[PDB]
$ cat coords.txt   # compact mmCIF, C-alpha atoms
# COMPACT_ATOMS: atom_id res chain seq x y z
CA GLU A 1 65.20 -6.44 48.77
CA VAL A 2 68.99 -6.74 48.28
CA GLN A 3 70.66 -3.30 48.38
CA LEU A 4 74.29 -2.35 47.71
CA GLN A 5 75.05 1.22 48.84
CA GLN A 6 78.27 2.74 47.51
CA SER A 7 80.21 5.71 48.84
CA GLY A 8 80.31 9.24 47.43
CA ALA A 9 82.10 10.59 44.39
CA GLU A 10 85.84 11.35 44.51
CA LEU A 11 87.66 14.22 42.78
CA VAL A 12 91.35 13.72 43.36
CA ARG A 13 94.82 14.59 42.11
CA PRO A 14 97.05 12.34 40.02
CA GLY A 15 99.25 10.24 42.33
CA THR A 16 96.70 10.00 45.16
CA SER A 17 94.70 6.97 46.33
CA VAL A 18 91.05 6.36 47.10
CA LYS A 19 89.21 3.81 49.16
CA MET A 20 85.55 3.30 48.33
CA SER A 21 82.86 1.32 50.12
CA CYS A 22 79.95 -0.89 49.16
CA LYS A 23 77.54 -1.59 52.04
CA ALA A 24 75.41 -4.71 51.64
CA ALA A 25 71.86 -5.18 52.85
CA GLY A 26 69.20 -7.85 52.35
CA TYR A 27 71.09 -11.11 52.22
CA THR A 28 73.85 -12.97 53.94
CA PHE A 29 77.08 -11.01 53.43
CA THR A 30 79.38 -13.95 54.14
CA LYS A 31 77.71 -16.23 51.58
CA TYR A 32 78.11 -14.44 48.25
CA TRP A 33 81.02 -13.16 46.23
CA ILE A 34 81.07 -9.43 45.45
CA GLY A 35 82.55 -8.40 42.08
CA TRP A 36 83.79 -4.99 41.05
CA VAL A 37 83.42 -3.38 37.68
CA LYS A 38 85.02 -0.32 36.06
CA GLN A 39 82.92 1.78 33.69
CA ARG A 40 85.21 4.25 31.88
CA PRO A 41 83.75 6.38 29.02
CA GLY A 42 84.91 5.00 25.67
CA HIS A 43 85.95 1.74 27.39
CA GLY A 44 82.73 -0.09 28.13
CA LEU A 45 82.73 -2.25 31.23
CA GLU A 46 85.82 -4.00 32.58
CA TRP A 47 85.94 -6.60 35.35
CA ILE A 48 88.27 -5.84 38.22
CA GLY A 49 87.97 -8.76 40.58
CA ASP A 50 85.95 -10.41 43.25
CA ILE A 51 86.05 -11.23 46.90
CA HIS A 52 84.29 -13.68 49.27
CA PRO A 53 83.59 -11.88 52.54
CA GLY A 54 83.29 -15.25 54.39
CA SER A 55 86.73 -16.66 53.46
CA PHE A 56 88.52 -13.47 52.32
CA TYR A 57 89.57 -15.26 49.12
CA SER A 58 89.96 -12.73 46.36
CA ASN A 59 90.63 -12.96 42.61
CA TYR A 60 91.83 -10.12 40.38
CA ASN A 61 92.03 -9.35 36.73
CA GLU A 62 95.81 -9.16 36.20
CA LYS A 63 95.35 -5.83 34.48
CA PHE A 64 94.50 -4.45 37.92
CA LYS A 65 97.36 -6.01 39.88
CA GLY A 66 98.86 -3.18 41.91
CA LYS A 67 95.99 -0.90 41.00
CA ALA A 68 93.04 -2.35 42.89
CA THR A 69 92.93 -3.94 46.36
CA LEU A 70 89.69 -5.61 47.56
CA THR A 71 88.74 -6.12 51.22
CA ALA A 72 85.67 -6.74 53.32
CA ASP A 73 84.56 -5.86 56.84
CA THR A 74 82.04 -8.36 58.13
CA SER A 75 81.38 -6.25 61.26
CA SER A 76 79.53 -3.66 59.06
CA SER A 77 78.65 -5.87 56.06
CA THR A 78 80.84 -3.57 53.90
CA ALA A 79 83.14 -4.39 50.98
CA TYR A 80 85.96 -2.02 50.00
CA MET A 81 88.08 -1.27 47.00
CA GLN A 82 91.25 0.81 47.21
CA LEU A 83 92.67 2.27 43.98
CA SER A 84 96.39 3.20 44.32
CA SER A 85 98.53 5.77 42.55
CA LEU A 86 95.77 7.29 40.47
CA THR A 87 96.14 8.45 36.86
CA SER A 88 93.73 9.87 34.25
CA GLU A 89 93.12 6.22 33.11
CA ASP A 90 91.46 5.56 36.46
CA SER A 91 88.72 8.19 35.94
CA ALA A 92 85.53 6.13 35.72
CA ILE A 93 82.49 4.95 37.63
CA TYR A 94 83.27 1.91 39.74
CA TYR A 95 80.48 -0.57 40.58
CA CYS A 96 80.08 -3.35 43.12
CA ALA A 97 77.79 -6.27 42.33
CA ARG A 98 76.60 -9.35 44.19
CA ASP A 99 77.31 -12.62 42.45
CA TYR A 100 74.19 -14.78 42.87
CA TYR A 101 75.11 -18.26 41.50
CA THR A 102 77.07 -16.47 38.70
CA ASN A 103 74.42 -13.80 38.04
CA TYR A 104 75.48 -10.22 38.70
CA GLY A 105 71.88 -9.21 39.38
CA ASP A 106 72.28 -6.73 42.23
CA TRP A 107 74.43 -3.66 41.55
CA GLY A 108 75.43 -0.69 43.62
CA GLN A 109 74.69 2.79 42.28
CA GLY A 110 78.37 3.33 41.45
CA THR A 111 81.19 5.55 42.82
CA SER A 112 82.44 8.21 40.48
CA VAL A 113 86.26 8.72 40.56
CA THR A 114 87.63 11.70 38.62
CA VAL A 115 91.36 12.35 38.54
CA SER A 116 92.26 16.03 37.98
CA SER A 117 94.95 18.58 38.91
CA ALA A 118 92.18 20.60 40.59
CA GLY A 119 91.21 17.69 42.86
CA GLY A 120 91.94 16.78 46.48
CA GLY A 121 94.44 14.60 48.36
CA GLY A 122 92.45 11.34 48.31
CA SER A 123 92.00 8.82 51.10
CA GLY A 124 95.68 8.31 51.80
CA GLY A 125 97.87 5.21 51.33
CA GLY A 126 96.74 1.79 52.51
CA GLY A 127 96.85 -1.93 52.10
CA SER A 128 97.93 -2.13 48.49
CA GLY A 129 97.13 -5.77 47.80
CA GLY A 130 96.93 -8.80 45.56
CA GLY A 131 94.93 -11.99 45.19
CA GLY A 132 94.22 -13.28 41.60
CA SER A 133 93.61 -15.00 39.21
CA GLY A 134 92.62 -17.29 36.33
CA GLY A 135 95.10 -20.01 35.29
CA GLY A 136 97.43 -17.33 33.79
CA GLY A 137 96.84 -18.38 30.16
CA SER A 138 94.72 -16.54 27.58
CA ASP A 139 91.65 -14.47 28.66
CA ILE A 140 88.33 -15.12 26.91
CA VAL A 141 87.87 -12.34 24.33
CA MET A 142 84.26 -11.25 24.04
CA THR A 143 83.49 -9.48 20.74
CA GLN A 144 80.45 -7.36 19.87
CA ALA A 145 80.80 -6.57 16.17
CA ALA A 146 78.44 -3.56 16.18
CA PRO A 147 79.23 -0.51 18.37
CA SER A 148 75.73 0.80 17.73
CA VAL A 149 72.40 -0.02 16.21
CA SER A 150 69.49 2.20 15.23
CA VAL A 151 65.91 0.91 15.32
CA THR A 152 62.46 2.34 14.63
CA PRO A 153 60.41 2.33 17.85
CA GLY A 154 58.22 -0.77 18.10
CA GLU A 155 60.35 -2.70 15.60
CA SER A 156 62.76 -5.47 16.68
CA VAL A 157 66.53 -5.80 16.68
CA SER A 158 69.30 -8.38 17.25
CA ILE A 159 72.40 -7.61 19.27
CA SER A 160 75.31 -9.98 18.60
CA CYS A 161 78.25 -11.23 20.65
CA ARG A 162 80.84 -13.98 20.27
CA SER A 163 83.39 -15.60 22.54
CA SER A 164 86.89 -16.79 21.66
CA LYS A 165 86.14 -20.15 23.25
CA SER A 166 82.96 -22.05 24.05
CA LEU A 167 81.11 -20.83 27.18
CA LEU A 168 79.40 -24.24 27.53
CA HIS A 169 80.20 -25.81 30.92
CA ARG A 170 80.24 -29.57 31.58
CA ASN A 171 77.10 -29.00 33.74
CA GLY A 172 75.26 -28.16 30.50
CA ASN A 173 74.97 -24.40 31.12
CA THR A 174 76.37 -21.72 28.92
CA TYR A 175 77.87 -18.93 31.01
CA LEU A 176 76.89 -15.99 28.83
CA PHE A 177 75.16 -12.89 30.27
CA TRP A 178 73.56 -9.80 28.78
CA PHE A 179 73.42 -6.44 30.52
CA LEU A 180 71.81 -3.11 29.66
CA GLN A 181 73.18 0.20 31.00
CA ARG A 182 70.72 3.09 30.53
CA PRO A 183 71.74 6.76 30.80
CA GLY A 184 72.49 7.62 34.46
CA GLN A 185 71.86 4.04 35.68
CA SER A 186 73.90 1.11 36.86
CA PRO A 187 74.12 -1.93 34.53
CA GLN A 188 71.04 -4.15 34.69
CA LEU A 189 71.12 -7.94 34.12
CA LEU A 190 68.76 -8.98 31.33
CA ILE A 191 69.58 -12.61 30.47
CA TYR A 192 71.63 -15.06 32.51
CA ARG A 193 73.21 -18.32 31.36
CA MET A 194 72.56 -17.54 27.67
CA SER A 195 68.76 -17.78 27.58
CA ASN A 196 67.23 -17.25 31.05
CA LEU A 197 65.23 -14.10 31.56
CA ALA A 198 66.15 -12.17 34.73
CA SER A 199 63.39 -11.21 37.22
CA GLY A 200 61.55 -8.08 36.28
CA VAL A 201 62.93 -7.95 32.75
CA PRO A 202 60.26 -7.82 30.02
CA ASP A 203 59.84 -11.03 28.01
CA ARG A 204 60.43 -8.87 24.93
CA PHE A 205 64.07 -9.76 25.64
CA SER A 206 65.34 -13.13 24.47
CA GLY A 207 68.75 -14.76 24.58
CA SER A 208 70.01 -17.53 22.33
CA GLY A 209 73.30 -18.99 21.04
CA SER A 210 75.55 -21.73 19.76
CA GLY A 211 78.18 -21.82 22.55
CA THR A 212 80.58 -19.34 20.82
CA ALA A 213 78.00 -17.04 19.07
CA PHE A 214 75.05 -15.34 20.80
CA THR A 215 72.04 -13.14 20.06
CA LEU A 216 70.05 -10.88 22.29
CA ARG A 217 66.80 -10.38 20.42
CA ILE A 218 64.85 -7.28 21.53
CA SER A 219 61.31 -7.48 20.27
CA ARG A 220 59.22 -4.34 19.81
CA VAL A 221 61.81 -1.83 21.05
CA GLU A 222 60.58 0.79 23.50
CA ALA A 223 62.12 4.04 24.67
CA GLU A 224 63.20 2.38 27.98
CA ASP A 225 65.43 -0.08 25.99
CA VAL A 226 67.76 2.74 24.90
CA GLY A 227 71.28 2.35 26.31
CA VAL A 228 74.38 0.18 25.87
CA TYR A 229 74.05 -3.59 25.78
CA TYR A 230 77.00 -5.66 27.00
CA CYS A 231 77.64 -9.40 26.85
CA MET A 232 79.78 -10.98 29.56
CA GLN A 233 81.22 -14.43 30.27
CA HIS A 234 81.26 -15.85 33.79
CA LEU A 235 82.89 -19.19 32.88
CA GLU A 236 86.47 -18.52 33.93
CA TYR A 237 88.51 -15.86 35.59
CA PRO A 238 89.05 -13.14 34.67
CA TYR A 239 85.45 -12.38 33.71
CA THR A 240 85.27 -10.43 30.52
CA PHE A 241 82.80 -8.16 28.77
CA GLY A 242 82.16 -7.29 25.16
CA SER A 243 82.81 -3.74 24.04
CA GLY A 244 79.10 -2.83 24.06
CA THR A 245 76.37 -2.11 21.51
CA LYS A 246 74.61 1.26 21.83
CA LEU A 247 70.92 1.02 20.96
CA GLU A 248 69.32 4.26 19.82
CA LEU A 249 65.78 5.01 18.61
CA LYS A 250 65.26 6.44 15.13
CA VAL A 251 62.07 8.30 16.32
CA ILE B 1 78.50 -21.37 46.71
CA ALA B 2 82.17 -22.32 46.95
CA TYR B 3 84.25 -20.17 49.30
CA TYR B 4 87.35 -20.55 47.06
CA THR B 5 86.02 -19.40 43.65
CA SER B 6 82.98 -17.81 42.08
CA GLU B 7 83.57 -19.72 38.85
CA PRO B 8 80.94 -22.38 38.08

$ encode --input "coords.txt" --output "structure tokens"
Amino acid sequence: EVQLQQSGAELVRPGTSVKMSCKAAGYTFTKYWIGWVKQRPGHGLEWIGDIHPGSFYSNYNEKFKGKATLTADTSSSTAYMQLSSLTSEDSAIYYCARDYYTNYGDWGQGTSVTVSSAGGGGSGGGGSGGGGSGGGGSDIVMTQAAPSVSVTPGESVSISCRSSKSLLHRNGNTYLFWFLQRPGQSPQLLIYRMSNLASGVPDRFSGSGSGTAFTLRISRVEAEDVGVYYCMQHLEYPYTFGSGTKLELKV
Amino acid sequence: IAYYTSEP
């Protein structure tokens, strides 16, 4: 199978830097883009940027310009992210993910970064970098109106999202994705291109939409469905996520 | 997959 193995947790002082690794197995490293995602408590999921290990082209969310630098080493099939000049806002779990024809289906286990006065000296300085971006106009705002939803087990629920512009491409596909992040797990892809069920996801999950409004319908909710559901658009850089809807059981 | 963007 595809595996992405990320490096160990960091506990570091304000003002330091870290360099974390993501080692790829199970597919051709130079063929697929790798994206990076920041999961900060209270702040959902946030897209950092991507890199093509074949061409070394990279694209960044402008919010991370001067913060994150992406590289890849094809000799060891490893992708890297360096975070410079760390502050308490950088404390989060950082994920790598393989982009398979726009589907972020394969995720690393995450690298925890915690910034604290009691921490260490970090990895040391490095190639602080750059590479973006989208066209430089407005980012697509993804809105999830409900921060949480409570359901009786075995009953069904809708999770809603909307985009500030249409996610319909001229190829006829709608570049809307749903993810679930369970406690202590990496995000899992549920539905890709609005309505396609990801491999190994129960067909209790269904995706639908208009183009600007979307519904993840979860039929007959089970305990394993508990977690935070995120929508995401993969139409144009920078990729953007909704703020997340926490599903809890009313047992 | 294009080497110059991941965007569809």

$ residues_around --input "coords.txt" --residues "residue 222 of chain A" --least-positions-apart "2" --cutoff "12 Å" --atoms "only C-alpha atoms" --output "PyMOL selection string"
chain A and resi 151-157+202+204-205+218-220+224-227+247-251

$ interface_residues --input "coords.txt" --of "chain A" --to "chain B" --cutoff "9 Å" --atoms "all atoms listed in the file" --output "list in words"
residues 31, 32, 33, 50, 51, 52, 53, 54, 55, 56, 57, 58, 59, 99, 100, 101, 102, 169, 171, 175, 234, 235, 236 and 237 of chain A

$ residues_around --input "coords.txt" --residues "residue 212 of chain A" --least-positions-apart "6" --cutoff "7 Å" --atoms "all atoms listed in the file" --output "PyMOL selection string"
chain A and resi 162-167

$ residues_around --input "coords.txt" --residues "residue 84 of chain A" --least-positions-apart "6" --cutoff "10 Å" --atoms "only C-alpha atoms" --output "PyMOL selection string"
chain A and resi 15-19+66-69+90+122-129

$ residues_around --input "coords.txt" --residues "segment 177-192 of chain A" --least-positions-apart "5" --cutoff "7 Å" --atoms "all atoms listed in the file" --output "PyMOL selection string"
chain A and resi 103-105+107+109-110+197-198+201+207+226-233

$ residues_near_point --input "coords.txt" --point "(96.9, -13.4, 34.4)" --cutoff "9 Å" --atoms "only C-alpha atoms" --output "NGL selection string"
:A and (60-63 or 132-139 or 237-238)

$ closest_residue --input "coords.txt" --among "A:70, A:20, A:86, A:213" --to "residue 121 of chain A" --atoms "all atoms listed in the file"
A:86

$ closest_residue --input "coords.txt" --among "A:82, A:76, A:143, A:215" --to "residue 36 of chain A" --atoms "all atoms listed in the file"
A:82

$ atom_distance --input "coords.txt" --atom1 "atom CA of residue 74 of chain A" --atom2 "atom CA of residue 26 of chain A"
14.1 Å

$ residues_around --input "coords.txt" --residues "residue 39 of chain A" --least-positions-apart "5" --cutoff "10 Å" --atoms "only C-alpha atoms" --output "PyMOL selection string"
chain A and resi 44-47+90-95+110+112+186-187

$ atom_distance --input "coords.txt" --atom1 "atom CA of residue 149 of chain A" --atom2 "atom CA of residue 41 of chain A"
18.3 Å

$ atom_distance --input "coords.txt" --atom1 "atom CA of residue 75 of chain A" --atom2 "atom CA of residue 130 of chain A"
22.2 Å

$ axis_aligned_box --input "coords.txt" --around "segment 125-135 of chain A" --padding-each-side "3 Å" --output "JSON"
{"center_x": 95.3, "center_y": -7.4, "center_z": 43.9, "size_x": 11.3, "size_y": 31.2, "size_z": 23.2}

$ decode --input "coords.txt" --residues "segment 208-241 of chain A" --atoms "N, CA, C and O atoms" --output "PDB file, in the first residue's frame"
ATOM      1  N   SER A 208     -23.412  15.202  -1.969  1.00  0.00           N
ATOM      2  CA  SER A 208     -24.192  15.849  -3.004  1.00  0.00           C
ATOM      3  C   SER A 208     -23.963  17.397  -2.958  1.00  0.00           C
ATOM      4  O   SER A 208     -23.292  17.951  -2.051  1.00  0.00           O
ATOM      5  N   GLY A 209     -24.502  18.075  -3.961  1.00  0.00           N
ATOM      6  CA  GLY A 209     -24.387  19.524  -4.030  1.00  0.00           C
ATOM      7  C   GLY A 209     -24.907  20.212  -5.266  1.00  0.00           C
ATOM      8  O   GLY A 209     -25.257  19.565  -6.263  1.00  0.00           O
ATOM      9  N   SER A 210     -24.969  21.534  -5.167  1.00  0.00           N
ATOM     10  CA  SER A 210     -25.328  22.400  -6.282  1.00  0.00           C
ATOM     11  C   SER A 210     -24.157  22.896  -7.088  1.00  0.00           C
ATOM     12  O   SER A 210     -24.392  23.382  -8.177  1.00  0.00           O
ATOM     13  N   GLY A 211     -22.928  22.846  -6.592  1.00  0.00           N
ATOM     14  CA  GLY A 211     -21.848  23.747  -7.164  1.00  0.00           C
ATOM     15  C   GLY A 211     -21.253  24.778  -6.184  1.00  0.00           C
ATOM     16  O   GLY A 211     -20.038  25.029  -6.192  1.00  0.00           O
ATOM     17  N   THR A 212     -22.124  25.418  -5.395  1.00  0.00           N
ATOM     18  CA  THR A 212     -21.754  26.317  -4.287  1.00  0.00           C
ATOM     19  C   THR A 212     -22.250  25.870  -2.908  1.00  0.00           C
ATOM     20  O   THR A 212     -21.850  26.446  -1.948  1.00  0.00           O
ATOM     21  N   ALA A 213     -23.161  24.899  -2.838  1.00  0.00           N
ATOM     22  CA  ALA A 213     -23.715  24.365  -1.589  1.00  0.00           C
ATOM     23  C   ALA A 213     -23.628  22.844  -1.657  1.00  0.00           C
ATOM     24  O   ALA A 213     -23.908  22.253  -2.721  1.00  0.00           O
ATOM     25  N   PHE A 214     -23.234  22.228  -0.528  1.00  0.00           N
ATOM     26  CA  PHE A 214     -22.933  20.794  -0.457  1.00  0.00           C
ATOM     27  C   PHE A 214     -23.436  20.146   0.806  1.00  0.00           C
ATOM     28  O   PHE A 214     -23.540  20.799   1.869  1.00  0.00           O
ATOM     29  N   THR A 215     -23.704  18.845   0.714  1.00  0.00           N
ATOM     30  CA  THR A 215     -24.209  18.067   1.853  1.00  0.00           C
ATOM     31  C   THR A 215     -23.483  16.744   1.886  1.00  0.00           C
ATOM     32  O   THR A 215     -23.409  16.051   0.873  1.00  0.00           O
ATOM     33  N   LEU A 216     -22.902  16.442   3.045  1.00  0.00           N
ATOM     34  CA  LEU A 216     -22.458  15.124   3.373  1.00  0.00           C
ATOM     35  C   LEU A 216     -23.556  14.512   4.217  1.00  0.00           C
ATOM     36  O   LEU A 216     -23.831  14.986   5.325  1.00  0.00           O
ATOM     37  N   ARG A 217     -24.212  13.499   3.681  1.00  0.00           N
ATOM     38  CA  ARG A 217     -25.265  12.813   4.393  1.00  0.00           C
ATOM     39  C   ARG A 217     -24.708  11.527   4.977  1.00  0.00           C
ATOM     40  O   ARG A 217     -24.206  10.689   4.235  1.00  0.00           O
ATOM     41  N   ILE A 218     -24.791  11.392   6.303  1.00  0.00           N
ATOM     42  CA  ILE A 218     -24.260  10.233   7.037  1.00  0.00           C
ATOM     43  C   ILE A 218     -25.473   9.470   7.507  1.00  0.00           C
ATOM     44  O   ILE A 218     -26.208   9.932   8.387  1.00  0.00           O
ATOM     45  N   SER A 219     -25.704   8.321   6.879  1.00  0.00           N
ATOM     46  CA  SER A 219     -26.845   7.501   7.209  1.00  0.00           C
ATOM     47  C   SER A 219     -26.462   6.566   8.348  1.00  0.00           C
ATOM     48  O   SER A 219     -25.366   5.992   8.347  1.00  0.00           O
ATOM     49  N   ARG A 220     -27.358   6.426   9.311  1.00  0.00           N
ATOM     50  CA  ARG A 220     -27.259   5.401  10.347  1.00  0.00           C
ATOM     51  C   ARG A 220     -25.917   5.497  11.098  1.00  0.00           C
ATOM     52  O   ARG A 220     -25.079   4.586  11.024  1.00  0.00           O
ATOM     53  N   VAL A 221     -25.751   6.613  11.803  1.00  0.00           N
ATOM     54  CA  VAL A 221     -24.465   7.004  12.391  1.00  0.00           C
ATOM     55  C   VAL A 221     -24.012   5.963  13.404  1.00  0.00           C
ATOM     56  O   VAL A 221     -24.811   5.516  14.220  1.00  0.00           O
ATOM     57  N   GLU A 222     -22.750   5.573  13.304  1.00  0.00           N
ATOM     58  CA  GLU A 222     -22.120   4.628  14.194  1.00  0.00           C
ATOM     59  C   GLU A 222     -21.058   5.325  15.017  1.00  0.00           C
ATOM     60  O   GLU A 222     -20.617   6.433  14.696  1.00  0.00           O
ATOM     61  N   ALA A 223     -20.649   4.669  16.088  1.00  0.00           N
ATOM     62  CA  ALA A 223     -19.625   5.219  16.974  1.00  0.00           C
ATOM     63  C   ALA A 223     -18.362   5.606  16.225  1.00  0.00           C
ATOM     64  O   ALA A 223     -17.757   6.597  16.580  1.00  0.00           O
ATOM     65  N   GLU A 224     -17.987   4.859  15.176  1.00  0.00           N
ATOM     66  CA  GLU A 224     -16.725   5.124  14.431  1.00  0.00           C
ATOM     67  C   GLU A 224     -16.780   6.394  13.528  1.00  0.00           C
ATOM     68  O   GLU A 224     -15.749   6.804  12.985  1.00  0.00           O
ATOM     69  N   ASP A 225     -17.971   6.996  13.405  1.00  0.00           N
ATOM     70  CA  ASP A 225     -18.226   8.216  12.655  1.00  0.00           C
ATOM     71  C   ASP A 225     -18.002   9.486  13.468  1.00  0.00           C
ATOM     72  O   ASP A 225     -18.056  10.587  12.908  1.00  0.00           O
ATOM     73  N   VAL A 226     -17.771   9.332  14.778  1.00  0.00           N
ATOM     74  CA  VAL A 226     -17.497  10.447  15.670  1.00  0.00           C
ATOM     75  C   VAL A 226     -16.152  11.084  15.338  1.00  0.00           C
ATOM     76  O   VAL A 226     -15.169  10.386  15.171  1.00  0.00           O
ATOM     77  N   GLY A 227     -16.133  12.402  15.278  1.00  0.00           N
ATOM     78  CA  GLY A 227     -14.953  13.168  14.895  1.00  0.00           C
ATOM     79  C   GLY A 227     -15.368  14.483  14.256  1.00  0.00           C
ATOM     80  O   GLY A 227     -16.522  14.861  14.332  1.00  0.00           O
ATOM     81  N   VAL A 228     -14.426  15.157  13.608  1.00  0.00           N
ATOM     82  CA  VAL A 228     -14.667  16.432  12.941  1.00  0.00           C
ATOM     83  C   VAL A 228     -14.633  16.239  11.426  1.00  0.00           C
ATOM     84  O   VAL A 228     -13.681  15.688  10.878  1.00  0.00           O
ATOM     85  N   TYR A 229     -15.704  16.672  10.780  1.00  0.00           N
ATOM     86  CA  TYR A 229     -15.867  16.597   9.356  1.00  0.00           C
ATOM     87  C   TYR A 229     -15.482  17.935   8.738  1.00  0.00           C
ATOM     88  O   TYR A 229     -15.970  18.979   9.165  1.00  0.00           O
ATOM     89  N   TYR A 230     -14.603  17.887   7.749  1.00  0.00           N
ATOM     90  CA  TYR A 230     -14.156  19.079   7.021  1.00  0.00           C
ATOM     91  C   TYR A 230     -14.477  18.952   5.538  1.00  0.00           C
ATOM     92  O   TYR A 230     -14.335  17.882   4.977  1.00  0.00           O
ATOM     93  N   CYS A 231     -14.985  20.031   4.941  1.00  0.00           N
ATOM     94  CA  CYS A 231     -15.023  20.160   3.489  1.00  0.00           C
ATOM     95  C   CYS A 231     -13.754  20.847   3.052  1.00  0.00           C
ATOM     96  O   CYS A 231     -13.119  21.556   3.848  1.00  0.00           O
ATOM     97  N   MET A 232     -13.389  20.626   1.802  1.00  0.00           N
ATOM     98  CA  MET A 232     -12.204  21.259   1.197  1.00  0.00           C
ATOM     99  C   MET A 232     -12.380  21.396  -0.309  1.00  0.00           C
ATOM    100  O   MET A 232     -12.980  20.521  -0.984  1.00  0.00           O
ATOM    101  N   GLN A 233     -11.836  22.473  -0.861  1.00  0.00           N
ATOM    102  CA  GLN A 233     -11.907  22.703  -2.310  1.00  0.00           C
ATOM    103  C   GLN A 233     -10.522  22.509  -2.858  1.00  0.00           C
ATOM    104  O   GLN A 233      -9.539  22.979  -2.247  1.00  0.00           O
ATOM    105  N   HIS A 234     -10.432  21.796  -3.967  1.00  0.00           N
ATOM    106  CA  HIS A 234      -9.181  21.556  -4.678  1.00  0.00           C
ATOM    107  C   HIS A 234      -9.287  22.100  -6.116  1.00  0.00           C
ATOM    108  O   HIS A 234      -8.717  21.557  -7.043  1.00  0.00           O
ATOM    109  N   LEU A 235     -10.018  23.201  -6.291  1.00  0.00           N
ATOM    110  CA  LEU A 235     -10.199  23.785  -7.619  1.00  0.00           C
ATOM    111  C   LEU A 235      -9.033  24.702  -7.929  1.00  0.00           C
ATOM    112  O   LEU A 235      -8.474  24.613  -8.998  1.00  0.00           O
ATOM    113  N   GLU A 236      -8.723  25.625  -7.013  1.00  0.00           N
ATOM    114  CA  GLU A 236      -7.671  26.581  -7.274  1.00  0.00           C
ATOM    115  C   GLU A 236      -6.852  26.865  -6.031  1.00  0.00           C
ATOM    116  O   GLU A 236      -7.326  26.801  -4.912  1.00  0.00           O
ATOM    117  N   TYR A 237      -5.585  27.159  -6.262  1.00  0.00           N
ATOM    118  CA  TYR A 237      -4.691  27.508  -5.206  1.00  0.00           C
ATOM    119  C   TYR A 237      -5.146  28.838  -4.587  1.00  0.00           C
ATOM    120  O   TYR A 237      -5.693  29.657  -5.315  1.00  0.00           O
ATOM    121  N   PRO A 238      -4.931  29.059  -3.280  1.00  0.00           N
ATOM    122  CA  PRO A 238      -4.565  28.035  -2.333  1.00  0.00           C
ATOM    123  C   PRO A 238      -5.770  27.156  -2.014  1.00  0.00           C
ATOM    124  O   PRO A 238      -6.890  27.630  -1.991  1.00  0.00           O
ATOM    125  N   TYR A 239      -5.544  25.877  -1.735  1.00  0.00           N
ATOM    126  CA  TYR A 239      -6.655  25.015  -1.338  1.00  0.00           C
ATOM    127  C   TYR A 239      -7.118  25.445   0.011  1.00  0.00           C
ATOM    128  O   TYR A 239      -6.336  25.928   0.828  1.00  0.00           O
ATOM    129  N   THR A 240      -8.417  25.339   0.234  1.00  0.00           N
ATOM    130  CA  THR A 240      -9.007  25.852   1.450  1.00  0.00           C
ATOM    131  C   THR A 240      -9.999  24.877   2.030  1.00  0.00           C
ATOM    132  O   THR A 240     -10.702  24.152   1.308  1.00  0.00           O
ATOM    133  N   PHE A 241     -10.064  24.880   3.358  1.00  0.00           N
ATOM    134  CA  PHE A 241     -10.940  24.004   4.131  1.00  0.00           C
ATOM    135  C   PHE A 241     -12.012  24.818   4.808  1.00  0.00           C
ATOM    136  O   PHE A 241     -11.782  25.988   5.187  1.00  0.00           O
TER     137      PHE A 241
END
